[PDB]
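What follows is model04.cif (mmCIF, C-alpha atoms; chains and numbers go by the auth columns).
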```
data_structure
#
loop_
_atom_site.group_PDB
_atom_site.id
_atom_site.type_symbol
_atom_site.label_atom_id
_atom_site.label_comp_id
_atom_site.label_asym_id
_atom_site.label_seq_id
_atom_site.Cartn_x
_atom_site.Cartn_y
_atom_site.Cartn_z
_atom_site.B_iso_or_equiv
_atom_site.auth_seq_id
_atom_site.auth_asym_id
ATOM 1 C CA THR A 1 30.020 -0.548 -12.262 0.00 347 A
ATOM 2 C CA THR A 2 26.809 -0.685 -14.286 0.00 348 A
ATOM 3 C CA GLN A 3 25.209 -3.460 -12.212 0.00 349 A
ATOM 4 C CA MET A 4 25.762 -5.167 -8.861 0.00 350 A
ATOM 5 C CA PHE A 5 24.439 -8.361 -7.303 0.00 351 A
ATOM 6 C CA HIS A 6 22.226 -7.775 -4.264 0.00 352 A
ATOM 7 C CA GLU A 7 19.720 -9.949 -2.429 0.00 353 A
ATOM 8 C CA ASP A 8 16.158 -8.757 -2.990 0.00 354 A
ATOM 9 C CA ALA A 9 13.238 -8.903 -0.551 0.00 355 A
ATOM 10 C CA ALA A 10 12.575 -12.571 -1.402 0.00 356 A
ATOM 11 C CA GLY A 11 14.966 -14.950 -3.140 0.00 357 A
ATOM 12 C CA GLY A 12 18.043 -13.070 -4.292 0.00 358 A
ATOM 13 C CA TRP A 13 20.571 -12.448 -7.044 0.00 359 A
ATOM 14 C CA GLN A 14 18.682 -9.844 -9.054 0.00 360 A
ATOM 15 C CA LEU A 15 21.589 -7.832 -10.542 0.00 361 A
ATOM 16 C CA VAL A 16 19.836 -4.479 -10.938 0.00 362 A
ATOM 17 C CA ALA A 17 21.367 -1.507 -12.743 0.00 363 A
ATOM 18 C CA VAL A 18 23.385 1.161 -10.912 0.00 364 A
ATOM 19 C CA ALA A 19 13.242 17.181 -14.250 0.00 375 A
ATOM 20 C CA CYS A 20 12.724 19.921 -16.828 0.00 376 A
ATOM 21 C CA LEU A 21 15.625 22.107 -15.680 0.00 377 A
ATOM 22 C CA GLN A 22 17.935 19.122 -15.198 0.00 378 A
ATOM 23 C CA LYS A 23 17.357 18.132 -18.830 0.00 379 A
ATOM 24 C CA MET A 24 17.557 21.672 -20.215 0.00 380 A
ATOM 25 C CA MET A 25 20.894 22.324 -18.492 0.00 381 A
ATOM 26 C CA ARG A 26 22.473 19.709 -20.775 0.00 382 A
ATOM 27 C CA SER A 27 21.196 21.513 -23.877 0.00 383 A
ATOM 28 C CA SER A 28 23.832 22.856 -26.256 0.00 384 A
ATOM 29 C CA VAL A 29 22.093 26.225 -26.614 0.00 385 A
ATOM 30 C CA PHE A 30 22.492 26.771 -22.867 0.00 386 A
ATOM 31 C CA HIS A 31 26.244 26.250 -23.237 0.00 387 A
ATOM 32 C CA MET A 32 26.409 28.660 -26.173 0.00 388 A
ATOM 33 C CA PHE A 33 24.439 31.218 -24.148 0.00 389 A
#
```
Same coordinates, now as structure tokens:
Amino acid sequence: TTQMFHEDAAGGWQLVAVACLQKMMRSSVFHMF
């Protein structure tokens, strides 16, 4: 479900797709800790 068709403001059929701590919490060293 990467992209879905949806009418935009004008026209339509655009097919669009679909901070520090949130990045760090993926870091390997955090998991090792």
Next item on the list: Rounded to one decimal place, report the CA of residue 347 (chain A)-CA of residue 359 (chain A) distance in Å.
Entry: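 Taking CA of residue 347 (chain A) and CA of residue 359 (chain A), their separation equals 16.1 Å.
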Taking all atoms of region 356-376 of chain A that appear in the file, build a box with edges along x, y and z, extend it by 3 Å on every side, and state its centre and edge lengths in Å to one decimal, as AutoDock Vina command-line options.
```
--center_x 18.0 --center_y 2.5 --center_z -9.1 --size_x 16.8 --size_y 40.9 --size_z 21.4
```
Item checked: Pairwise distance for CA of residue 376 (chain A) and CA of residue 349 (chain A), rounded to one decimal in Å ->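 For CA of residue 376 (chain A) relative to CA of residue 349 (chain A), the distance reads 26.9 Å.
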Item checked: Atom-to-atom span, CA of residue 348 (chain A) and CA of residue 386 (chain A), Å ->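 These atoms are spaced 29.1 Å apart.
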Next item on the list: List the residues selected by the PyMOL selection byres ((chain A and resi 351) around 12) in the file shown, writing them as an NGL selection string.
Entry: :A and (347-350 or 352-354 or 358-364)
